[PDB]
$ cat my_file-v3.txt   # compact mmCIF, N, CA and C atoms
# COMPACT_ATOMS: atom_id res chain seq x y z
N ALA A 1 8.09 -31.58 36.30
CA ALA A 1 7.95 -30.30 35.62
C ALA A 1 8.40 -30.35 34.17
N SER A 2 8.72 -31.55 33.68
CA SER A 2 9.14 -31.66 32.29
C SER A 2 8.03 -31.29 31.32
N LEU A 3 6.78 -31.28 31.77
CA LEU A 3 5.67 -31.09 30.84
C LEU A 3 5.56 -29.67 30.34
N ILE A 4 6.37 -28.73 30.82
CA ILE A 4 6.32 -27.37 30.27
C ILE A 4 6.63 -27.40 28.78
N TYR A 5 7.69 -28.10 28.40
CA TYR A 5 8.10 -28.11 27.00
C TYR A 5 7.08 -28.85 26.15
N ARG A 6 6.60 -30.00 26.64
CA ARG A 6 5.56 -30.72 25.93
C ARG A 6 4.33 -29.84 25.73
N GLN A 7 3.93 -29.11 26.76
CA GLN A 7 2.75 -28.27 26.67
C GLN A 7 2.96 -27.14 25.68
N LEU A 8 4.13 -26.51 25.70
CA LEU A 8 4.38 -25.42 24.76
C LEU A 8 4.35 -25.92 23.33
N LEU A 9 5.01 -27.05 23.06
CA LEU A 9 4.98 -27.61 21.72
C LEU A 9 3.56 -27.97 21.30
N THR A 10 2.80 -28.62 22.19
CA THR A 10 1.46 -29.08 21.81
C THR A 10 0.53 -27.90 21.57
N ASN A 11 0.61 -26.87 22.41
CA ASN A 11 -0.28 -25.73 22.33
C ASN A 11 0.23 -24.64 21.39
N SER A 12 1.36 -24.86 20.72
CA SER A 12 1.95 -23.85 19.85
C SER A 12 1.00 -23.30 18.79
N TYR A 13 -0.10 -24.00 18.49
CA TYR A 13 -1.01 -23.53 17.45
C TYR A 13 -1.60 -22.16 17.76
N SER A 14 -1.68 -21.78 19.04
CA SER A 14 -2.27 -20.49 19.40
C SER A 14 -1.47 -19.31 18.88
N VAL A 15 -0.20 -19.51 18.52
CA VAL A 15 0.57 -18.42 17.96
C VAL A 15 0.00 -17.95 16.64
N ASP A 16 -0.77 -18.78 15.94
CA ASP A 16 -1.48 -18.30 14.77
C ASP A 16 -2.49 -17.23 15.15
N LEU A 17 -3.23 -17.46 16.23
CA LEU A 17 -4.16 -16.45 16.72
C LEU A 17 -3.41 -15.20 17.14
N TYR A 18 -2.27 -15.38 17.81
CA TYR A 18 -1.47 -14.23 18.21
C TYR A 18 -0.98 -13.44 17.00
N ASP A 19 -0.58 -14.14 15.94
CA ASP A 19 -0.15 -13.48 14.72
C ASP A 19 -1.29 -12.69 14.10
N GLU A 20 -2.49 -13.26 14.10
CA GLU A 20 -3.64 -12.52 13.60
C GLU A 20 -3.88 -11.26 14.42
N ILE A 21 -3.76 -11.37 15.74
CA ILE A 21 -3.97 -10.22 16.61
C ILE A 21 -2.97 -9.12 16.31
N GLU A 22 -1.68 -9.46 16.26
CA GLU A 22 -0.69 -8.42 16.02
C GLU A 22 -0.83 -7.85 14.61
N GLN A 23 -1.26 -8.67 13.65
CA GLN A 23 -1.52 -8.16 12.31
C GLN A 23 -2.65 -7.13 12.32
N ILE A 24 -3.73 -7.42 13.06
CA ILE A 24 -4.82 -6.46 13.17
C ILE A 24 -4.34 -5.20 13.88
N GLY A 25 -3.48 -5.35 14.88
CA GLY A 25 -2.99 -4.19 15.60
C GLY A 25 -2.11 -3.29 14.75
N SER A 26 -1.23 -3.89 13.95
CA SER A 26 -0.22 -3.11 13.25
C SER A 26 -0.83 -2.25 12.16
N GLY A 27 -0.35 -1.01 12.06
CA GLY A 27 -0.63 -0.21 10.89
C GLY A 27 0.07 -0.76 9.66
N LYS A 28 -0.40 -0.33 8.49
CA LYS A 28 0.04 -0.89 7.22
C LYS A 28 0.40 0.22 6.26
N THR A 29 1.35 -0.08 5.37
CA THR A 29 1.72 0.78 4.25
C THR A 29 1.86 -0.12 3.03
N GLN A 30 2.41 0.42 1.95
CA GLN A 30 2.48 -0.31 0.69
C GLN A 30 3.40 0.47 -0.26
N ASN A 31 3.66 -0.11 -1.43
CA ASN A 31 4.51 0.51 -2.43
C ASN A 31 3.75 0.73 -3.74
N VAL A 32 4.34 1.59 -4.57
CA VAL A 32 3.76 2.08 -5.81
C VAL A 32 4.72 1.73 -6.94
N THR A 33 5.23 0.50 -6.94
CA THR A 33 6.57 0.13 -7.41
C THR A 33 7.15 1.00 -8.51
N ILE A 34 8.38 1.46 -8.29
CA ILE A 34 9.01 2.47 -9.12
C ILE A 34 9.22 1.94 -10.54
N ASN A 35 9.28 2.87 -11.50
CA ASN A 35 9.55 2.54 -12.89
C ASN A 35 11.04 2.66 -13.18
N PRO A 36 11.68 1.65 -13.77
CA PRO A 36 12.97 1.88 -14.43
C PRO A 36 12.75 2.41 -15.84
N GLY A 37 13.85 2.81 -16.47
CA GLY A 37 13.81 3.28 -17.83
C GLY A 37 13.82 4.79 -18.07
N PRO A 38 14.31 5.62 -17.10
CA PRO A 38 14.86 6.93 -17.46
C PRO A 38 16.28 6.88 -18.04
N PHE A 39 16.47 6.05 -19.06
CA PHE A 39 17.78 5.90 -19.69
C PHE A 39 18.05 6.97 -20.74
N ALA A 40 17.11 7.88 -20.99
CA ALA A 40 17.26 8.91 -22.02
C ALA A 40 16.63 10.20 -21.48
N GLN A 41 17.45 11.02 -20.83
CA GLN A 41 17.01 12.38 -20.54
C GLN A 41 16.87 13.15 -21.84
N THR A 42 15.90 14.06 -21.88
CA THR A 42 15.51 14.76 -23.10
C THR A 42 15.67 16.27 -22.91
N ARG A 43 16.42 16.90 -23.82
CA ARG A 43 16.58 18.34 -23.79
C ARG A 43 15.35 19.02 -24.38
N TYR A 44 15.28 20.34 -24.24
CA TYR A 44 14.10 21.07 -24.69
C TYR A 44 13.90 20.96 -26.20
N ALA A 45 14.78 21.61 -26.96
CA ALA A 45 14.66 21.75 -28.40
C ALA A 45 15.83 22.60 -28.88
N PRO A 46 16.07 22.71 -30.18
CA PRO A 46 16.90 23.81 -30.67
C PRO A 46 16.10 25.11 -30.67
N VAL A 47 16.42 26.00 -29.74
CA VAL A 47 15.66 27.21 -29.48
C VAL A 47 16.53 28.41 -29.84
N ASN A 48 15.96 29.33 -30.60
CA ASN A 48 16.63 30.56 -31.00
C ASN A 48 15.75 31.74 -30.61
N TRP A 49 16.36 32.77 -30.02
CA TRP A 49 15.61 33.91 -29.52
C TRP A 49 15.57 35.02 -30.56
N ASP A 50 14.42 35.66 -30.70
CA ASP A 50 14.28 36.75 -31.66
C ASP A 50 13.20 37.71 -31.20
N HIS A 51 13.23 38.91 -31.76
CA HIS A 51 12.16 39.86 -31.51
C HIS A 51 10.84 39.33 -32.05
N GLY A 52 9.75 39.72 -31.40
CA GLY A 52 8.44 39.22 -31.76
C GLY A 52 7.94 39.75 -33.09
N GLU A 53 6.62 39.82 -33.25
CA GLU A 53 6.01 40.20 -34.52
C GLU A 53 5.83 41.71 -34.54
N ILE A 54 6.75 42.40 -35.21
CA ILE A 54 6.64 43.84 -35.37
C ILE A 54 5.39 44.16 -36.17
N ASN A 55 4.67 45.20 -35.74
CA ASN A 55 3.41 45.59 -36.36
C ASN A 55 3.66 46.75 -37.31
N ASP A 56 4.10 46.43 -38.52
CA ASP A 56 4.43 47.44 -39.50
C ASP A 56 3.18 47.94 -40.21
N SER A 57 3.32 49.08 -40.88
CA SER A 57 2.25 49.62 -41.72
C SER A 57 2.91 50.52 -42.76
N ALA B 1 0.07 -41.21 18.77
CA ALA B 1 -0.40 -40.57 17.55
C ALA B 1 -1.91 -40.35 17.60
N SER B 2 -2.60 -41.13 18.42
CA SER B 2 -4.01 -40.88 18.67
C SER B 2 -4.23 -39.56 19.39
N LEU B 3 -3.19 -39.02 20.02
CA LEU B 3 -3.31 -37.79 20.80
C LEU B 3 -3.78 -36.61 19.96
N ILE B 4 -3.58 -36.64 18.64
CA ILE B 4 -4.00 -35.52 17.82
C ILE B 4 -5.51 -35.38 17.84
N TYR B 5 -6.24 -36.49 17.77
CA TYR B 5 -7.70 -36.42 17.81
C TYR B 5 -8.17 -35.82 19.12
N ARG B 6 -7.59 -36.26 20.23
CA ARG B 6 -7.93 -35.71 21.53
C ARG B 6 -7.63 -34.22 21.59
N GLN B 7 -6.47 -33.81 21.07
CA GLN B 7 -6.11 -32.40 21.12
C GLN B 7 -7.08 -31.56 20.29
N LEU B 8 -7.46 -32.05 19.11
CA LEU B 8 -8.41 -31.31 18.28
C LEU B 8 -9.74 -31.14 19.00
N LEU B 9 -10.29 -32.24 19.52
CA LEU B 9 -11.58 -32.14 20.21
C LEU B 9 -11.49 -31.24 21.43
N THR B 10 -10.42 -31.37 22.21
CA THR B 10 -10.28 -30.57 23.42
C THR B 10 -10.14 -29.09 23.09
N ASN B 11 -9.36 -28.76 22.07
CA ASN B 11 -9.04 -27.38 21.74
C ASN B 11 -10.03 -26.74 20.79
N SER B 12 -11.10 -27.44 20.41
CA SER B 12 -12.10 -26.87 19.52
C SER B 12 -12.60 -25.48 19.94
N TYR B 13 -12.52 -25.13 21.22
CA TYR B 13 -12.95 -23.79 21.64
C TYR B 13 -12.15 -22.69 20.95
N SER B 14 -10.89 -22.98 20.60
CA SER B 14 -10.10 -22.01 19.87
C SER B 14 -10.70 -21.70 18.51
N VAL B 15 -11.56 -22.57 17.98
CA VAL B 15 -12.26 -22.25 16.73
C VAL B 15 -13.15 -21.04 16.93
N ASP B 16 -13.98 -21.06 17.98
CA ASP B 16 -14.84 -19.91 18.24
C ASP B 16 -14.01 -18.69 18.58
N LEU B 17 -12.91 -18.90 19.31
CA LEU B 17 -12.03 -17.77 19.59
C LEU B 17 -11.48 -17.16 18.30
N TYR B 18 -11.08 -18.00 17.35
CA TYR B 18 -10.58 -17.52 16.06
C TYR B 18 -11.67 -16.83 15.25
N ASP B 19 -12.90 -17.34 15.33
CA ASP B 19 -14.00 -16.64 14.68
C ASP B 19 -14.13 -15.24 15.24
N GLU B 20 -14.01 -15.10 16.56
CA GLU B 20 -14.02 -13.76 17.15
C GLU B 20 -12.85 -12.93 16.64
N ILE B 21 -11.65 -13.54 16.57
CA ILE B 21 -10.46 -12.86 16.04
C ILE B 21 -10.79 -12.19 14.72
N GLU B 22 -11.22 -12.99 13.75
CA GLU B 22 -11.38 -12.45 12.40
C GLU B 22 -12.57 -11.50 12.32
N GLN B 23 -13.70 -11.85 12.95
CA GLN B 23 -14.91 -11.06 12.77
C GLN B 23 -14.95 -9.82 13.65
N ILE B 24 -13.94 -9.59 14.48
CA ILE B 24 -13.75 -8.28 15.10
C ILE B 24 -12.51 -7.56 14.58
N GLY B 25 -11.52 -8.28 14.06
CA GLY B 25 -10.44 -7.62 13.35
C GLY B 25 -10.92 -6.94 12.09
N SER B 26 -11.89 -7.55 11.41
CA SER B 26 -12.54 -6.85 10.31
C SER B 26 -13.24 -5.59 10.81
N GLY B 27 -13.90 -5.67 11.96
CA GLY B 27 -14.58 -4.50 12.50
C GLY B 27 -13.62 -3.38 12.83
N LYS B 28 -12.46 -3.72 13.39
CA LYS B 28 -11.45 -2.72 13.69
C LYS B 28 -10.98 -2.04 12.41
N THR B 29 -10.67 -0.75 12.52
CA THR B 29 -10.33 0.06 11.36
C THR B 29 -8.89 -0.20 10.93
N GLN B 30 -8.71 -0.48 9.64
CA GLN B 30 -7.40 -0.60 9.02
C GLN B 30 -7.35 0.31 7.80
N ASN B 31 -6.16 0.81 7.49
CA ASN B 31 -5.97 1.63 6.29
C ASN B 31 -4.56 1.35 5.75
N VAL B 32 -4.48 0.56 4.69
CA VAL B 32 -3.21 0.42 3.97
C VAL B 32 -3.02 1.68 3.13
N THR B 33 -1.97 2.44 3.46
CA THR B 33 -1.72 3.74 2.86
C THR B 33 -0.77 3.55 1.69
N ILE B 34 -1.32 3.15 0.54
CA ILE B 34 -0.51 3.14 -0.67
C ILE B 34 -0.01 4.55 -0.92
N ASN B 35 1.23 4.65 -1.37
CA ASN B 35 1.98 5.89 -1.38
C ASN B 35 1.67 6.64 -2.67
N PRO B 36 2.24 7.82 -2.85
CA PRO B 36 2.77 8.15 -4.18
C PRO B 36 4.26 7.84 -4.17
N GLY B 37 4.79 7.28 -5.25
CA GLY B 37 6.16 6.83 -5.26
C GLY B 37 7.14 7.96 -5.04
N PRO B 38 8.44 7.66 -5.04
CA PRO B 38 9.43 8.73 -4.93
C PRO B 38 9.32 9.75 -6.05
N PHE B 39 8.93 9.31 -7.24
CA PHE B 39 8.72 10.20 -8.37
C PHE B 39 7.38 10.91 -8.21
N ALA B 40 7.39 12.24 -8.33
CA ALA B 40 6.21 13.05 -8.04
C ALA B 40 5.46 13.42 -9.32
N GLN B 41 4.13 13.45 -9.21
CA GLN B 41 3.25 13.81 -10.31
C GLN B 41 3.07 15.32 -10.39
N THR B 42 2.59 15.77 -11.54
CA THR B 42 2.18 17.16 -11.71
C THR B 42 1.46 17.30 -13.05
N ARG B 43 0.34 18.00 -13.03
CA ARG B 43 -0.44 18.28 -14.23
C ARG B 43 0.11 19.53 -14.91
N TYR B 44 -0.30 19.75 -16.17
CA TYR B 44 0.20 20.88 -16.94
C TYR B 44 -0.03 22.21 -16.24
N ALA B 45 -1.28 22.65 -16.21
CA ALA B 45 -1.70 23.92 -15.64
C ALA B 45 -3.20 24.04 -15.86
N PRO B 46 -3.87 24.99 -15.23
CA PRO B 46 -5.19 25.38 -15.74
C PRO B 46 -5.02 26.19 -17.02
N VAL B 47 -5.32 25.56 -18.15
CA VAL B 47 -5.10 26.14 -19.47
C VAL B 47 -6.46 26.37 -20.12
N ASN B 48 -6.68 27.60 -20.58
CA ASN B 48 -7.91 27.97 -21.26
C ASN B 48 -7.57 28.55 -22.62
N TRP B 49 -8.35 28.18 -23.63
CA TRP B 49 -8.09 28.62 -25.00
C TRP B 49 -8.85 29.91 -25.29
N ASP B 50 -8.20 30.80 -26.03
CA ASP B 50 -8.81 32.08 -26.39
C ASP B 50 -8.23 32.55 -27.71
N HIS B 51 -8.89 33.53 -28.31
CA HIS B 51 -8.34 34.16 -29.50
C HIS B 51 -7.13 35.01 -29.13
N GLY B 52 -6.12 35.01 -29.99
CA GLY B 52 -4.89 35.70 -29.69
C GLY B 52 -5.04 37.20 -29.81
N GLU B 53 -3.89 37.88 -29.74
CA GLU B 53 -3.88 39.33 -29.78
C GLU B 53 -4.38 39.84 -31.13
N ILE B 54 -5.23 40.85 -31.08
CA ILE B 54 -5.83 41.45 -32.27
C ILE B 54 -5.20 42.82 -32.48
N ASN B 55 -4.87 43.13 -33.72
CA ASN B 55 -4.23 44.40 -34.05
C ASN B 55 -5.31 45.43 -34.37
N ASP B 56 -5.81 46.08 -33.33
CA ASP B 56 -6.85 47.09 -33.48
C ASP B 56 -6.24 48.45 -33.75
N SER B 57 -7.08 49.37 -34.22
CA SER B 57 -6.66 50.75 -34.46
C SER B 57 -7.92 51.61 -34.49
$ encode --input "my_file-v3.txt" --output "structure tokens"
Amino acid sequence: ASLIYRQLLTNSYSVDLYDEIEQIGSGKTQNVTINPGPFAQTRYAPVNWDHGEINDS
Amino acid sequence: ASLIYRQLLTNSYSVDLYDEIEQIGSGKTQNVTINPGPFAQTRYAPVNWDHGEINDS
């Protein structure tokens, strides 16, 4: 019964087929690789509030 | 070391099996779902240009 190990080693190539099968079976996702470089947050502006355009006559 | 030639000839049926693997795994539906990243998009707005306020009387 020693030939079990010999047979498994010799026939091990079929695991490539098994890998292809499980690859086809598995669902897939992916990445949108993130950007670095938010090193400078930006404020709005120097903003001053005032009454609008008065309509004089 | 001659055993490799025998193994290749004997196991050649796995070639046709592998052809089936690939040419039906292609047939099976796959969808790699590329994401939107953690950072979220957004457009300005629906913006339409018009003449401003008119001072009628």
$ atom_distance --input "my_file-v3.txt" --atom1 "atom N of residue B:56" --atom2 "atom N of residue A:50"
22.9 Å
$ atom_distance --input "my_file-v3.txt" --atom1 "atom CA of residue B:28" --atom2 "atom CA of residue A:22"
12.4 Å
$ closest_residue --input "my_file-v3.txt" --among "B:12, B:26, B:2, B:33" --to "chain A" --atoms "all atoms listed in the file"
B:33
$ closest_atom_pairs --input "my_file-v3.txt" --of "chain A" --to "chain B" --cutoff "6 Å" --atoms "only N, CA and C atoms" --output "Markdown table"
| residue | atom | partner | partner_atom | distance |
| --- | --- | --- | --- | --- |
| A:24 | CA | B:25 | CA | 5.7 |
| A:28 | C | B:32 | CA | 4.3 |
| A:29 | CA | B:33 | N | 4.1 |
| A:30 | N | B:33 | C | 4.5 |
| A:31 | C | B:35 | N | 5.2 |
| A:32 | CA | B:37 | N | 5.3 |
$ write_last_selection --input "my_file-v3.txt" --atoms "N, CA and C atoms" --output "short mmCIF file (atom, residue, chain, number, x, y, z; two decimals), keeping the file's coordinate frame"
data_model
loop_
_atom_site.label_atom_id
_atom_site.label_comp_id
_atom_site.auth_asym_id
_atom_site.auth_seq_id
_atom_site.Cartn_x
_atom_site.Cartn_y
_atom_site.Cartn_z
N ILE A 24 -3.73 -7.42 13.06
CA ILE A 24 -4.82 -6.46 13.17
C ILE A 24 -4.34 -5.20 13.88
N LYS A 28 -0.40 -0.33 8.49
CA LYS A 28 0.04 -0.89 7.22
C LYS A 28 0.40 0.22 6.26
N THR A 29 1.35 -0.08 5.37
CA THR A 29 1.72 0.78 4.25
C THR A 29 1.86 -0.12 3.03
N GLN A 30 2.41 0.42 1.95
CA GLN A 30 2.48 -0.31 0.69
C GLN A 30 3.40 0.47 -0.26
N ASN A 31 3.66 -0.11 -1.43
CA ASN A 31 4.51 0.51 -2.43
C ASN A 31 3.75 0.73 -3.74
N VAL A 32 4.34 1.59 -4.57
CA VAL A 32 3.76 2.08 -5.81
C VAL A 32 4.72 1.73 -6.94
#
$ select_by_dssp --input "my_file-v3.txt" --residues "chain A" --states "helix (DSSP H, G or I)" --output "list in words"
residues 3, 4, 5, 6, 7, 8, 9, 10, 11, 14, 15, 16, 17, 18, 19, 20, 21, 22, 23, 24 and 25 of chain A
$ atom_distance --input "my_file-v3.txt" --atom1 "atom N of residue B:23" --atom2 "atom C of residue A:13"
16.6 Å
$ calpha_fit_and_write --input "my_file-v3.txt" --fixed "chain A" --moving "chain B" --output "short mmCIF file (atom, residue, chain, number, x, y, z; two decimals) with N, CA and C atoms, in the frame of the given file"
data_model
loop_
_atom_site.label_atom_id
_atom_site.label_comp_id
_atom_site.auth_asym_id
_atom_site.auth_seq_id
_atom_site.Cartn_x
_atom_site.Cartn_y
_atom_site.Cartn_z
N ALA B 1 8.48 -37.74 19.91
CA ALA B 1 7.94 -37.16 18.68
C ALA B 1 6.50 -36.69 18.89
N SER B 2 5.83 -37.24 19.89
CA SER B 2 4.53 -36.73 20.28
C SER B 2 4.62 -35.32 20.84
N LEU B 3 5.81 -34.90 21.26
CA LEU B 3 5.99 -33.59 21.87
C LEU B 3 5.59 -32.45 20.95
N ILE B 4 5.59 -32.66 19.63
CA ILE B 4 5.23 -31.58 18.73
C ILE B 4 3.78 -31.19 18.92
N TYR B 5 2.88 -32.16 19.09
CA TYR B 5 1.47 -31.84 19.31
C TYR B 5 1.30 -31.03 20.58
N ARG B 6 1.96 -31.43 21.65
CA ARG B 6 1.90 -30.69 22.90
C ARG B 6 2.43 -29.28 22.72
N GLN B 7 3.55 -29.13 22.01
CA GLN B 7 4.12 -27.80 21.83
C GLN B 7 3.18 -26.91 21.02
N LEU B 8 2.56 -27.45 19.98
CA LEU B 8 1.62 -26.66 19.18
C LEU B 8 0.46 -26.19 20.04
N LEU B 9 -0.17 -27.12 20.76
CA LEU B 9 -1.32 -26.72 21.59
C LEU B 9 -0.91 -25.72 22.66
N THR B 10 0.23 -25.95 23.31
CA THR B 10 0.66 -25.05 24.37
C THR B 10 0.97 -23.66 23.84
N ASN B 11 1.64 -23.58 22.69
CA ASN B 11 2.11 -22.32 22.14
C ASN B 11 1.10 -21.63 21.25
N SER B 12 -0.10 -22.18 21.10
CA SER B 12 -1.13 -21.55 20.28
C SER B 12 -1.34 -20.06 20.57
N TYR B 13 -1.02 -19.59 21.77
CA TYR B 13 -1.18 -18.16 22.06
C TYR B 13 -0.33 -17.29 21.14
N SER B 14 0.81 -17.83 20.67
CA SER B 14 1.62 -17.09 19.73
C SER B 14 0.88 -16.84 18.42
N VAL B 15 -0.17 -17.60 18.13
CA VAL B 15 -0.99 -17.31 16.94
C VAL B 15 -1.64 -15.95 17.09
N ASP B 16 -2.30 -15.71 18.23
CA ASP B 16 -2.93 -14.41 18.44
C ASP B 16 -1.89 -13.32 18.51
N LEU B 17 -0.74 -13.63 19.12
CA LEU B 17 0.34 -12.64 19.13
C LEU B 17 0.78 -12.28 17.71
N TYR B 18 0.90 -13.28 16.84
CA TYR B 18 1.28 -13.03 15.45
C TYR B 18 0.20 -12.26 14.70
N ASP B 19 -1.07 -12.55 15.00
CA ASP B 19 -2.13 -11.75 14.40
C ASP B 19 -1.97 -10.29 14.79
N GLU B 20 -1.63 -10.03 16.05
CA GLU B 20 -1.35 -8.65 16.45
C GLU B 20 -0.16 -8.09 15.69
N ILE B 21 0.91 -8.90 15.55
CA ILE B 21 2.10 -8.49 14.79
C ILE B 21 1.69 -7.92 13.45
N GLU B 22 1.00 -8.74 12.65
CA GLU B 22 0.73 -8.34 11.28
C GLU B 22 -0.30 -7.21 11.22
N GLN B 23 -1.36 -7.30 12.03
CA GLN B 23 -2.45 -6.34 11.90
C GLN B 23 -2.18 -5.02 12.61
N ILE B 24 -1.03 -4.87 13.26
CA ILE B 24 -0.56 -3.55 13.68
C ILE B 24 0.69 -3.11 12.91
N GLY B 25 1.47 -4.04 12.37
CA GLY B 25 2.52 -3.66 11.45
C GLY B 25 1.97 -3.05 10.18
N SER B 26 0.83 -3.56 9.72
CA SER B 26 0.14 -2.89 8.63
C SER B 26 -0.28 -1.48 9.04
N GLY B 27 -0.76 -1.32 10.26
CA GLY B 27 -1.17 0.00 10.72
C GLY B 27 -0.02 0.97 10.78
N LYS B 28 1.15 0.51 11.23
CA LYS B 28 2.33 1.35 11.26
C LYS B 28 2.71 1.79 9.85
N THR B 29 3.22 3.02 9.75
CA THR B 29 3.51 3.62 8.46
C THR B 29 4.81 3.08 7.89
N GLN B 30 4.76 2.63 6.64
CA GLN B 30 5.93 2.22 5.88
C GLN B 30 5.94 2.97 4.55
N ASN B 31 7.13 3.23 4.03
CA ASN B 31 7.27 3.87 2.72
C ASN B 31 8.53 3.29 2.05
N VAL B 32 8.33 2.39 1.10
CA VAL B 32 9.44 1.96 0.25
C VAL B 32 9.70 3.07 -0.77
N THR B 33 10.89 3.67 -0.68
CA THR B 33 11.24 4.84 -1.47
C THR B 33 11.97 4.36 -2.71
N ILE B 34 11.21 3.93 -3.72
CA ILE B 34 11.82 3.65 -5.01
C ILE B 34 12.49 4.92 -5.51
N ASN B 35 13.65 4.76 -6.12
CA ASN B 35 14.57 5.85 -6.39
C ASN B 35 14.19 6.49 -7.72
N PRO B 36 14.90 7.53 -8.12
CA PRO B 36 15.27 7.62 -9.54
C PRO B 36 16.69 7.07 -9.68
N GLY B 37 16.96 6.31 -10.73
CA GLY B 37 18.23 5.63 -10.86
C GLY B 37 19.39 6.60 -10.91
N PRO B 38 20.62 6.09 -11.04
CA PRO B 38 21.76 6.98 -11.20
C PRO B 38 21.65 7.87 -12.42
N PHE B 39 21.03 7.38 -13.48
CA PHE B 39 20.79 8.16 -14.69
C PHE B 39 19.61 9.10 -14.45
N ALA B 40 19.81 10.39 -14.75
CA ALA B 40 18.82 11.41 -14.42
C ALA B 40 17.95 11.76 -15.63
N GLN B 41 16.68 12.03 -15.36
CA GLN B 41 15.71 12.41 -16.38
C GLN B 41 15.75 13.91 -16.64
N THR B 42 15.18 14.30 -17.77
CA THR B 42 14.97 15.71 -18.07
C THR B 42 14.09 15.82 -19.31
N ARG B 43 13.10 16.70 -19.24
CA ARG B 43 12.21 16.97 -20.36
C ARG B 43 12.84 18.03 -21.26
N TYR B 44 12.29 18.18 -22.48
CA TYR B 44 12.83 19.11 -23.45
C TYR B 44 12.91 20.53 -22.91
N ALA B 45 11.76 21.18 -22.78
CA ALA B 45 11.63 22.55 -22.34
C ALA B 45 10.15 22.90 -22.38
N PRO B 46 9.73 24.01 -21.80
CA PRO B 46 8.43 24.56 -22.19
C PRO B 46 8.53 25.19 -23.57
N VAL B 47 7.97 24.50 -24.56
CA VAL B 47 8.08 24.88 -25.97
C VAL B 47 6.69 25.26 -26.46
N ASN B 48 6.60 26.46 -27.05
CA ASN B 48 5.35 26.95 -27.61
C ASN B 48 5.58 27.31 -29.07
N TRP B 49 4.61 26.97 -29.91
CA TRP B 49 4.73 27.20 -31.35
C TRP B 49 4.14 28.56 -31.71
N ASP B 50 4.80 29.24 -32.64
CA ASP B 50 4.35 30.56 -33.09
C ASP B 50 4.80 30.78 -34.52
N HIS B 51 4.21 31.78 -35.16
CA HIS B 51 4.67 32.18 -36.48
C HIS B 51 6.04 32.84 -36.38
N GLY B 52 6.90 32.58 -37.35
CA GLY B 52 8.25 33.08 -37.31
C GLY B 52 8.31 34.56 -37.60
N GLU B 53 9.55 35.04 -37.77
CA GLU B 53 9.78 36.45 -38.00
C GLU B 53 9.17 36.89 -39.34
N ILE B 54 8.50 38.03 -39.31
CA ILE B 54 7.83 38.59 -40.49
C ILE B 54 8.62 39.80 -40.95
N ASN B 55 8.81 39.91 -42.26
CA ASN B 55 9.58 41.01 -42.83
C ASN B 55 8.64 42.16 -43.14
N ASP B 56 8.40 43.00 -42.15
CA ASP B 56 7.51 44.15 -42.30
C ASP B 56 8.28 45.35 -42.82
N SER B 57 7.53 46.34 -43.30
CA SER B 57 8.11 47.59 -43.77
C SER B 57 7.01 48.64 -43.75
#
$ decode --input "my_file-v3.txt" --residues "stretch 26-55 of chain B" --atoms "C-alpha atoms" --output "short mmCIF file (atom, residue, chain, number, x, y, z; two decimals), in the first residue's frame"
data_model
loop_
_atom_site.label_atom_id
_atom_site.label_comp_id
_atom_site.auth_asym_id
_atom_site.auth_seq_id
_atom_site.Cartn_x
_atom_site.Cartn_y
_atom_site.Cartn_z
CA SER B 26 -15.50 31.01 -20.21
CA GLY B 27 -19.12 30.08 -20.90
CA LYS B 28 -20.00 30.34 -17.22
CA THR B 29 -20.88 33.88 -16.14
CA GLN B 30 -18.27 35.89 -14.23
CA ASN B 31 -18.40 39.53 -13.11
CA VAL B 32 -15.41 41.23 -11.51
CA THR B 33 -17.13 44.04 -9.61
CA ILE B 34 -14.66 46.89 -9.61
CA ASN B 35 -15.73 49.19 -6.82
CA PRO B 36 -16.09 52.82 -6.30
CA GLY B 37 -13.32 53.48 -3.79
CA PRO B 38 -13.88 54.56 -0.19
CA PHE B 39 -13.83 58.16 -1.44
CA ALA B 40 -17.22 59.02 -2.97
CA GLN B 41 -17.90 60.98 -6.16
CA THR B 42 -20.43 63.75 -6.71
CA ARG B 43 -21.17 66.14 -9.56
CA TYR B 44 -21.91 69.85 -9.07
CA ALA B 45 -25.66 70.05 -9.71
CA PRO B 46 -28.05 70.45 -12.61
CA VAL B 47 -27.01 74.04 -13.38
CA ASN B 48 -28.73 76.15 -16.03
CA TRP B 49 -27.69 79.65 -17.08
CA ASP B 50 -30.19 82.50 -17.27
CA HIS B 51 -30.37 86.27 -17.18
CA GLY B 52 -30.34 87.62 -13.65
CA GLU B 53 -32.94 89.67 -11.83
CA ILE B 54 -34.29 92.63 -13.81
CA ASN B 55 -35.37 95.84 -12.08
#
